[PDB]
């Protein structure tokens, strides 16, 4: 048996516009569209994905970068398919003017630096924002925050989450999964920030 708290909740599924980009210049220009829609201090949900196979002692190289900039739009930048890392995206990620929210984001910063020599700037660990605004001291996960704040759980098909993110093109399922994780980061920040 199990408590109500242990019940399976509805899955969180982003239903807004998912912009898929797999070319460097397209990506850079898209990053500028993002910059035109935001103002200093604004926060976007952040996440990234990498293939399952290990490479020379480390995790597969980052293949996808996701940015949810509003409740109705999320970008999927398939960098593994790009000839060069998009300059517009590098500057957006290194821009202190835009805040990037997520869980375990400090670890993303490290991997991003190792993989592309990019310095993620002005990121916020959602775990700390939650403990701060919810007035608690918990060890959160993106899933537990989605559950606590939204009453939903994250899609969990392991064959999708641990799929070959570097395989082009991404499947509709991969796109849904990746976009939704960044969307979660965006919504969680927004809902927490509004708290008095």
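Positions refer to the first chain, counted from 1.
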According to the deposited model, is the average Cα temperature factor higher in 56 to 64 or in 156 to 164?
156 to 164
Taking the values straight from the PDB record, which of 113, 84, 89, 74 has the highest C-alpha temperature factor?
84
Lowest, middle or highest third: where is residue 129 by C-alpha B factor in its chain?
middle
Place residue 29 in the lowest, middle or highest third of its chain's C-alpha B-factors, as listed in the PDB entry.
lowest
Classify residue 50 as lowest, middle or highest third according to the C-alpha B-factor given in the PDB entry, relative to its own chain.
middle
Taking the values exactly as deposited, rank residue 69 by C-alpha B-factor within its chain and report the matching third: lowest, middle or highest.
lowest
By its CA B factor, does residue 187 count among the lowest, middle or highest third of the modelled residues in the chain?
middle
